[PDB]
Structure formats: structure tokens, C-alpha cells
$ cat protein14.tsv   # TSV, C-alpha atoms and all ligand atoms
chain	number	residue	atom	x	y	z
T	1	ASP	CA	36.33	-57.35	-12.60
T	2	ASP	CA	36.80	-57.48	-8.79
T	3	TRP	CA	34.01	-56.23	-6.52
T	4	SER	CA	35.69	-56.70	-3.12
T	5	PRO	CA	36.10	-53.63	-0.85
T	6	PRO	CA	39.69	-52.60	0.09
T	7	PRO	CA	41.65	-54.72	2.59
T	8	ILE	CA	41.69	-53.78	6.28
T	9	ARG	CA	44.66	-54.24	8.60
T	10	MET	CA	43.84	-55.01	12.25
T	11	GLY	CA	45.70	-56.46	15.20
T	12	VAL	CA	44.69	-60.05	15.89
T	13	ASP	CA	43.76	-59.27	19.50
T	14	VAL	CA	41.81	-56.06	18.79
T	15	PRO	CA	38.34	-57.69	19.13
T	16	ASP	CA	39.55	-59.17	22.43
T	17	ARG	CA	40.57	-55.73	23.67
T	18	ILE	CA	37.35	-54.02	22.63
T	19	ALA	CA	35.25	-56.77	24.17
T	20	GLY	CA	37.27	-57.08	27.36
T	21	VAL	CA	37.08	-60.86	26.75
T	22	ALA	CA	39.91	-63.24	25.98
T	23	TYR	CA	38.40	-65.23	23.13
T	24	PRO	CA	39.78	-68.70	22.37
T	25	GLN	CA	42.75	-68.69	19.99
T	26	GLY	CA	41.79	-68.10	16.38
T	27	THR	CA	38.26	-66.84	17.05
T	28	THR	CA	38.71	-63.56	15.14
T	29	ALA	CA	40.16	-65.20	12.02
T	30	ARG	CA	37.49	-67.90	12.21
T	31	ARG	CA	34.60	-65.44	12.51
T	32	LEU	CA	35.81	-63.04	9.85
T	33	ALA	CA	36.23	-65.90	7.38
T	34	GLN	CA	32.74	-67.14	8.28
T	35	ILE	CA	31.27	-63.78	7.22
T	36	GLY	CA	33.09	-64.28	3.91
T	37	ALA	CA	36.27	-62.24	4.21
T	38	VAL	CA	39.70	-63.28	3.02
T	39	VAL	CA	41.99	-63.27	6.07
T	40	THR	CA	45.76	-63.33	5.77
T	41	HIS	CA	47.83	-63.50	8.91
T	42	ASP	CA	51.30	-61.98	9.26
T	43	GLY	CA	52.83	-61.43	12.67
T	44	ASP	CA	50.15	-60.13	15.02
T	45	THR	CA	48.32	-58.29	12.22
T	46	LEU	CA	45.43	-59.59	10.16
T	47	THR	CA	44.87	-58.33	6.62
T	48	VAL	CA	41.14	-58.69	6.04
T	49	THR	CA	39.43	-58.21	2.67
T	50	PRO	CA	35.64	-58.01	3.08
T	51	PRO	CA	33.37	-59.85	0.64
T	52	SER	CA	31.56	-57.90	-2.04
T	53	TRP	CA	28.19	-58.07	-0.24
T	54	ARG	CA	29.71	-56.34	2.87
T	55	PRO	CA	30.52	-52.74	1.86
T	56	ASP	CA	29.77	-51.76	5.48
T	57	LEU	CA	33.09	-53.38	6.54
T	58	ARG	CA	35.58	-50.51	6.17
T	59	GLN	CA	37.63	-50.16	9.41
T	60	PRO	CA	38.83	-52.38	12.30
T	61	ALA	CA	35.82	-51.34	14.42
T	62	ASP	CA	33.54	-52.76	11.72
T	63	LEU	CA	35.38	-56.08	11.98
T	64	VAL	CA	35.28	-56.01	15.79
T	65	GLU	CA	31.49	-55.76	15.67
T	66	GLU	CA	31.30	-58.90	13.48
T	67	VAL	CA	33.37	-60.99	15.93
T	68	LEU	CA	31.54	-59.70	19.04
T	69	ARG	CA	27.96	-60.18	17.82
T	70	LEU	CA	28.61	-63.72	16.60
T	71	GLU	CA	30.35	-64.70	19.85
T	72	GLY	CA	27.39	-63.10	21.65
T	73	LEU	CA	27.30	-60.02	23.87
T	74	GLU	CA	26.49	-62.18	26.92
T	75	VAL	CA	30.14	-63.26	27.24
T	76	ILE	CA	31.22	-59.65	27.83
T	77	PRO	CA	31.67	-58.99	31.58
T	78	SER	CA	30.28	-56.04	33.51
T	79	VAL	CA	33.14	-53.89	34.87
T	80	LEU	CA	32.73	-50.34	36.20
T	81	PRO	CA	35.47	-48.05	34.86
T	82	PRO	CA	37.77	-46.02	37.09
T	83	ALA	CA	36.50	-42.48	36.82
T	84	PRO	CA	39.06	-39.86	37.82
P	1	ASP	CA	74.91	-56.06	78.31
P	2	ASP	CA	73.46	-55.42	74.81
P	3	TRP	CA	70.68	-52.84	74.81
P	4	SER	CA	69.78	-52.87	71.12
P	5	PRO	CA	66.15	-53.52	70.06
P	6	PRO	CA	65.44	-56.70	68.06
P	7	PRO	CA	66.26	-56.60	64.34
P	8	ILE	CA	63.65	-55.62	61.74
P	9	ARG	CA	63.46	-57.17	58.26
P	10	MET	CA	62.34	-54.76	55.51
P	11	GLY	CA	62.49	-54.82	51.71
P	12	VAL	CA	64.95	-52.25	50.36
P	13	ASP	CA	62.30	-50.51	48.23
P	14	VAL	CA	59.56	-50.38	50.90
P	15	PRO	CA	60.07	-46.66	51.68
P	16	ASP	CA	59.86	-45.84	47.94
P	17	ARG	CA	56.48	-47.55	47.63
P	18	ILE	CA	55.06	-45.85	50.73
P	19	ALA	CA	56.42	-42.50	49.55
P	20	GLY	CA	55.33	-42.81	45.94
P	21	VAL	CA	58.88	-41.63	45.11
P	22	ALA	CA	61.83	-43.43	43.53
P	23	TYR	CA	64.65	-42.47	45.85
P	24	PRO	CA	68.23	-42.64	44.53
P	25	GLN	CA	69.76	-46.06	45.05
P	26	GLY	CA	71.03	-46.64	48.59
P	27	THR	CA	68.95	-43.87	50.22
P	28	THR	CA	67.18	-46.14	52.71
P	29	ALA	CA	70.39	-47.85	53.80
P	30	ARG	CA	72.12	-44.47	54.11
P	31	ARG	CA	69.32	-42.78	56.08
P	32	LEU	CA	68.88	-45.74	58.42
P	33	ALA	CA	72.61	-45.76	59.17
P	34	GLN	CA	72.54	-42.01	59.86
P	35	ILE	CA	69.88	-42.46	62.55
P	36	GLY	CA	72.13	-45.06	64.20
P	37	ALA	CA	70.74	-48.39	63.01
P	38	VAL	CA	72.97	-51.28	62.00
P	39	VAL	CA	71.99	-52.30	58.46
P	40	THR	CA	72.90	-55.45	56.54
P	41	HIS	CA	71.88	-56.42	53.01
P	42	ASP	CA	70.58	-59.79	51.80
P	43	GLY	CA	69.22	-59.47	48.28
P	44	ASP	CA	66.36	-56.99	48.29
P	45	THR	CA	66.02	-57.39	52.08
P	46	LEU	CA	67.57	-55.20	54.77
P	47	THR	CA	68.20	-56.37	58.31
P	48	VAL	CA	67.99	-53.27	60.46
P	49	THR	CA	68.86	-53.21	64.15
P	50	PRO	CA	67.79	-49.91	65.73
P	51	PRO	CA	70.06	-48.17	68.24
P	52	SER	CA	69.23	-48.32	71.93
P	53	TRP	CA	67.97	-44.73	72.03
P	54	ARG	CA	65.28	-45.55	69.44
P	55	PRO	CA	62.86	-48.00	71.14
P	56	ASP	CA	60.11	-46.51	68.92
P	57	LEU	CA	61.65	-48.32	65.91
P	58	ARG	CA	59.79	-51.62	66.00
P	59	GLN	CA	58.24	-52.34	62.57
P	60	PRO	CA	58.98	-51.50	58.91
P	61	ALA	CA	56.60	-48.53	58.95
P	62	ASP	CA	58.76	-46.97	61.71
P	63	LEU	CA	61.77	-47.29	59.41
P	64	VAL	CA	59.76	-45.80	56.50
P	65	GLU	CA	58.97	-42.72	58.59
P	66	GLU	CA	62.68	-42.21	59.24
P	67	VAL	CA	63.54	-42.30	55.53
P	68	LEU	CA	60.62	-40.15	54.41
P	69	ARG	CA	61.05	-37.38	56.97
P	70	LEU	CA	64.79	-36.95	56.39
P	71	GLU	CA	64.36	-36.93	52.61
P	72	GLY	CA	61.55	-34.41	53.19
P	73	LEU	CA	57.83	-34.66	52.51
P	74	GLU	CA	58.13	-31.98	49.77
P	75	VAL	CA	59.42	-34.61	47.31
P	76	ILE	CA	56.27	-36.75	47.70
P	77	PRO	CA	54.03	-35.97	44.65
P	78	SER	CA	50.30	-35.25	44.73
P	79	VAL	CA	48.21	-38.02	43.06
P	80	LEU	CA	44.45	-38.40	43.57
P	81	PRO	CA	43.65	-42.11	43.96
P	82	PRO	CA	41.18	-43.58	41.50
P	83	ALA	CA	38.28	-44.24	43.72
P	84	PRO	CA	35.84	-46.98	42.69
M	101	MG	MG	29.02	-53.05	11.55
M	102	MG	MG	58.11	-42.96	64.06
$ encode --input "protein14.tsv" --output "C-alpha cells"
Amino acid sequence: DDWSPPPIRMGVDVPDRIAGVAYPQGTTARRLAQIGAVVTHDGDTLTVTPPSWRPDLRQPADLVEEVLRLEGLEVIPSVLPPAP
Amino acid sequence: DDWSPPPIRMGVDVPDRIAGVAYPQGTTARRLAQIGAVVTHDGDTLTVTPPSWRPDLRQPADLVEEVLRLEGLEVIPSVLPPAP
């Protein structure tokens, strides 16, 4: 009687860290609700339940990709890493 | 009638940073007094007046060399810098 995939816990700033971009406040919750997920917010952790048409959303990295592609890859800066 | 060089202002933890070593508290003040300097404390800043037989002591780096050599170079660790 409920077709939603399991909930996913993710830090609120995790998309920001993976992108290397400080997104405006509330971007991650806004974007993940736009794609149809239920987002509850406790502390610095989001609990994110994907909608039934998104069985591909299973871990934080899946959620990160949603935020980043909607914000657009162009906002991600180009920074060479420090190789040892 | 006073042959001392001019005073030198140096932050108390400057030798530590140049060495890459956290020396026990008071090491710089103790070493600089051993070599004959007059040392006074003002916050994190030392005022160091070299003795008259040390005209080579003119800038903070000269004071750093005094601390590092008496503590011994063996304590300085070996850390490759991240090069860009
Ligand atoms: Mg994906
Ligand atoms: Mg010297």
C-alpha cells in the first residue's frame, strides 16, 4: 500500500561539499522536494524519502547528483587538487 | 656607554612555525636568554635586545636560528610540501 523507496539520511551540506560550491541556504531541501521527495530536517541531517517513480535514489550520492544537475554543472569551479 | 644592538620584536611562536615543531612552552625565551639577550614579554610578542657580542642578531630570522640550532635540527620532522 506504499510504493516509496526507503528513506535516506544525508547531511544538509553534503551536496555543497561534493560540488565544491556553497549553494544558497535551503537549495538541497528545495531541489530534493522538487524532484518529489519528502524531506524532513532535524539538526544538520536531512531524512529524504524518494518518490515511487525514483527507485534510482538509494544513497546520499544519488541525492547529490539531483541537486548538482538542477543547479547546473557550470557553477562548479575548476580547482586543481594537491597531488602528493 | 651602552653597546647593545637595537631591540627586535618577534612573536613568541615564530621559531615553532619556522621549525615545523611545537617546542615546549618558554623554549624561545629560555634559549634567547641563554645566548645573552634581554627578553621581555608583551602578550604573544617578545622584545629581544641582543648582547653586544652578537651584532649578527638583527632580525627575527636571526633569533629563529639561535633557537633552532640549540634545540637541534634532529627534532625538525621531514614533510614533503604539496607542490601545485
Ligand atoms: Mg543518479
Ligand atoms: Mg645567524
$ residues_near_ligand --input "protein14.tsv" --ligand "ligand MG 102 (chain M)" --cutoff "7 Å" --atoms "all atoms listed in the file" --output "PDB file with C-alpha atoms, keeping the file's coordinate frame"
ATOM      1  CA  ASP P  56      60.110 -46.510  68.920  1.00  0.00           C
ATOM      2  CA  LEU P  57      61.650 -48.320  65.910  1.00  0.00           C
ATOM      3  CA  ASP P  62      58.760 -46.970  61.710  1.00  0.00           C
ATOM      4  CA  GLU P  65      58.970 -42.720  58.590  1.00  0.00           C
ATOM      5  CA  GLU P  66      62.680 -42.210  59.240  1.00  0.00           C
TER       6      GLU P  66
END
$ closest_atom_pairs --input "protein14.tsv" --of "chain P" --to "chain T" --cutoff "9 Å" --atoms "all atoms listed in the file" --output "Markdown table"
| residue | atom | partner | partner_atom | distance |
| --- | --- | --- | --- | --- |
| P:80 | CA | T:84 | CA | 8.0 |
| P:81 | CA | T:84 | CA | 8.0 |
| P:82 | CA | T:84 | CA | 5.6 |
| P:83 | CA | T:82 | CA | 6.9 |
| P:84 | CA | T:82 | CA | 6.0 |
$ residues_near_ligand --input "protein14.tsv" --ligand "ligand MG 101 (chain M)" --cutoff "12 Å" --atoms "only C-alpha atoms and all ligand atoms" --output "JSON, numbers by chain"
{"T": [35, 50, 54, 55, 56, 57, 58, 59, 60, 61, 62, 63, 64, 65, 66, 67, 68, 69, 70]}
$ atom_distance --input "protein14.tsv" --atom1 "CA of residue 49 (chain P)" --atom2 "CA of residue 6 (chain P)"
6.3 Å
$ closest_residue --input "protein14.tsv" --among "P:79, P:22, P:29, P:12" --to "residue 43 (chain P)" --atoms "all atoms listed in the file"
P:12
$ atom_distance --input "protein14.tsv" --atom1 "CA of residue 33 (chain P)" --atom2 "CA of residue 78 (chain P)"
28.6 Å
$ closest_residue --input "protein14.tsv" --among "T:1, T:77, T:39, T:27" --to "residue 15 (chain T)" --atoms "all atoms listed in the file"
T:27
$ atom_distance --input "protein14.tsv" --atom1 "CA of residue 20 (chain P)" --atom2 "CA of residue 46 (chain P)"
19.5 Å
$ closest_residue --input "protein14.tsv" --among "P:11, P:72, P:26, P:36" --to "residue 52 (chain P)" --atoms "only C-alpha atoms"
P:36
$ closest_residue --input "protein14.tsv" --among "T:17, T:28, T:2, T:7" --to "residue 71 (chain T)" --atoms "all atoms listed in the file"
T:28
